[PDB]
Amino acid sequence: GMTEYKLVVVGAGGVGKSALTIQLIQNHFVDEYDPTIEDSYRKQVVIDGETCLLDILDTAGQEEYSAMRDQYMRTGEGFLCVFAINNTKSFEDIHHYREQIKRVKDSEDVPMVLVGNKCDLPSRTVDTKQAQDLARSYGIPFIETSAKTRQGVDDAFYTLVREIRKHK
């Protein structure tokens, strides 16, 4: 890719950051839960007619490894802020992750997309209105995803790239 974009995936443990990333990179769903300490990926993709080199920085949800997360966040240009639609604390903690981004980037003006993952599950407990209101409160897009079915995966990452372009 000519244009390189540094994308950071953040959010609470277990919400599906790595499964989303692996669906983007390799079109495969991981059903195991292997907690991340640090993982980075490169993927070339055409987005809006531009050949893009995406650096995907997939971070730990476990706060024990937040020092490593912060090193990845400092290099990133845009952030996928992921919660799971069956974990209300992960949704509430989007505020924590946004505050971390503001702290590490020393800026309140950072490209961000809200992602509500695991939408294939039954008995969803974080409803669409809650999620859209939270995204609205920060002026950011909200994308529903399922890493299992691949629904929304490209839209989530491509929307973040578009947000970075807007910001540039």
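Sequential numbering from 1, following the sequence displayed.
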Checklist entry - Higher mean Cα B-factor in the deposited model: 12-20 or 147-155? => result 147-155
Checklist entry - Taking the recorded C-alpha temperature factors, which stretch has the higher mean, 159-167 or 3-11? => result 159-167
Next on the checklist: Just the C-alpha B-factor column, please: which of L80, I85, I94, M73 has the biggest number?
Outcome noted: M73
Item to check | Highest-ranked of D55, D120, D39, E64 once sorted by CA temperature factor in the record | outcome: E64
Item to check | Where the record places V30 (Cα B-factor, split into thirds across the chain) | outcome: highest
Checklist entry - Where does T59 sit by CA temperature factor within its chain: lowest, middle or highest third? => result lowest
Next on the checklist: Per the entry's values, where does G139 land by CA temperature factor relative to the rest of its chain, in the lowest, middle or highest third?
Outcome noted: middle
Checklist entry - Lowest, middle or highest third of the chain for the C-alpha temperature factor of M112? => result middle
